[PDB]
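Asks: Take this structure, written in structure tokens, and hold onto it; I'll ask about it next.
So basically every Cβ, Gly included, is an ideal-geometry build from the backbone, and we count neighbours across all protein chains shown. Bear in mind these aren't lab numbers, they're just calculated from the coordinates by the rules spelled out.
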2 protein chains.
Amino acid sequence: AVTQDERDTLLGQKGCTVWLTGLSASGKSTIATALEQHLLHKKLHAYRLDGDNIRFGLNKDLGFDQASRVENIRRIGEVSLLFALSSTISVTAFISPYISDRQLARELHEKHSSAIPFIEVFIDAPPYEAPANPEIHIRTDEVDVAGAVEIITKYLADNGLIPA
Amino acid sequence: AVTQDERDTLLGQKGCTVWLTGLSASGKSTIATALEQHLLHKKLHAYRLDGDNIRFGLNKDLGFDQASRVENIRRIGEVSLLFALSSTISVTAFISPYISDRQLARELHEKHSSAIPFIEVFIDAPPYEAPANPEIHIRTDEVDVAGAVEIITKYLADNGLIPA
């Protein structure tokens with residue numbers, strides 16, 4: 001069976017999870033869609049996990065209580081990890097207001113034997129909790145959508161996940 | 001946002017699910033791993049969903065009763081569909097003895113607006129129920145692992161999912 005490093009070598013990319021966090025109307029969703037499209041323009045495998053393809057397929061059994069809300073983030077975290085194991089750039093902007101929401105998903109990635117990168121991206125715009133040391137901090141008052149896509153893509157290239 | 005046909009065009013492949021069914025020791029698992037490796041050798045995105053990466057991450061909450069067993073196949077069917085939506089050749093040989101097990105997952109694919117192909121592959125070797133009209137019928141007494149990989153790979157090419 002194929003090893004993780006051989007899969008990445010054969011496919012020309014390393015998998016990871018890009019988790020866009022921020023206020024509900026900060027534009028994280030718009031950036032998530034643009035980032036995906038740009039990476040596909042580079043012929044890189046990238047896939048957006050959002051409420052449409054997840055909330056009513058895999059997660060149709062989940063309601064809206066605290067328990068359902070946490071289980072939703074747990075499942076998304078695990079599915080995101082599977083995509084990253086397949087060498088895909090998994091991108092999500094799913095609602096997740098608490099630091100402990102993103103921490104649940106981060107641990108799944110860092111504790112895995114593949115040590116998959118979890119790239120938390122703060123889309124910071126003018127009861128959400130902000131991240132303390134996010135991998136990437138994008139201030140919306142200074143950068144447009146295309147500039148946020150460029151910063152994220154450059155991070156991926158700089159850290160060896162996609163070709164330069 | 002990117003459409004399904006644009007994603008396939010940009011990435012050079014169409015997504016699908018290859019569902020290998022047959023007796024537990026028919027070699028379906030060995031074939032699933034060899035098929036994945038061969039497709040990665042062609043630089044095609046392919047990913048195996050199996051008991052290791054699924055049963056103790058996404059599905060760790062499931063036990064071993066009938067209900068848990070059906071929910072397991074349901075979730076695997078849905079995750080497989082997401083992989084196919086990402087333009088990945090999703091491969092599974094998961095335990096699924098009943099015709100109604102494979103039917104649950106097939107409907108998820110055929111009822112989707114992307115009409116994702118569901119490729120049921122009968123690995124037929126000397127209480128499992130066999131498929132009636134499977135997409136591919138491979139007899140183990142006539143074909144070795146590499147020929148079964150070749151038969152399956154040619155089906156994908158012949159049906160427009162991978163380049164010839």
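Asks: Given labels modelled 7 Å from the Cα in the Cβ direction, how far is it in nm from B:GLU129 to A:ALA130?
Replies: 5.8 nm
Asks: Would you grab the residues whose amide H sits under 5 Å from the one on B:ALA46? Only those 5+ places off in sequence or on another chain, please, with H modelled 1.01 Å from N.
Replies: Close amide H contacts, sequence-distant or interchain: B:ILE89.
Asks: Per-residue HN-Hα couplings for region A:103-115, Karplus 6.51 cos²θ - 1.76 cosθ + 1.60 at θ = phi - 60°, whole Hz, x for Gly and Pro?
Replies: 5, 3, 6, 4, 5, 3, 7, 5, 7, 5, 5, 7, 6
Asks: For B:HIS38, which inter-copy label distances result when the label point lies 7 Å beyond Cα on the Cα-to-Cβ vector, reported in nm to one decimal and in ascending order?
Replies: 3.9
Asks: Based on the mean of other Cβ atoms within 10 Å per residue, sort peptides B:35-46, B:71-82 so the most packed one is first.
Replies: B:71-82, B:35-46
Asks: To one decimal in nm, how far is A:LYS60 from the same spot in the other copies, if labels go 7 Å from Cα toward Cβ? Please give the shortest first.
Replies: Result for A:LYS60, in nm, nearest copy first: 2.7.
Asks: Can you list, shortest first in nanometers, how far A:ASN133 lies from the same residue in the other copies, with each label 7 Å from Cα toward Cβ?
Replies: 6.0
Asks: At a Cα cut-off below 20 Å, give the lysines reachable from B:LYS28, other chains included and same-chain residues fewer than 8 away excluded.
Replies: B:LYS154
Asks: Still on this structure: For a footprinting-style exposure proxy, rank B:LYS14, B:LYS154 by other Cβ within 10 Å, fewest first.
Replies: B:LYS154, B:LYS14
Asks: Here is a follow-up. Name the residues of region B:1-33 whose amide N is less than 15 Å from a point 7 angstrom out from the Cα of A:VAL145 along the C-beta direction?
Replies: B:1-3
Asks: Report the Stokes-Einstein translational diffusion coefficient (µm² s⁻¹, integer) for region A:3-57, Rh taken as the Kirkwood radius over Cα pairs, at 25 °C with viscosity 0.890 mPa s.
Replies: 188 µm²/s
Asks: Most exposed first by the Cβ proxy, i.e. fewest other Cβ within 10 Å, how do A:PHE122, A:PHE94, B:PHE64, A:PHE83 rank?
Replies: B:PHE64, A:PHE122, A:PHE94, A:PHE83
Asks: Still on this structure: Between B:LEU104 and A:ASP61, what's the calculated FRET efficiency when r is the beta-carbon distance and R0 is 22 Å? Round to 0.05.
Replies: Approximately 0.95, to the nearest 0.05.
Asks: Based only on Cα atoms, what mean projected area does the convex hull of the protein assembly as shown have, in nm²?
Replies: With every direction weighted equally, the projected area is 16.7 nm².
Asks: While we're on this one: Please state the charge dipole magnitude for region A:11-164, taken about the Cα centre, from unit charges on C-beta atoms (+1 on K and R, -1 on D and E), reported in debye and rounded to the nearest 20.
Replies: About 440 debye.
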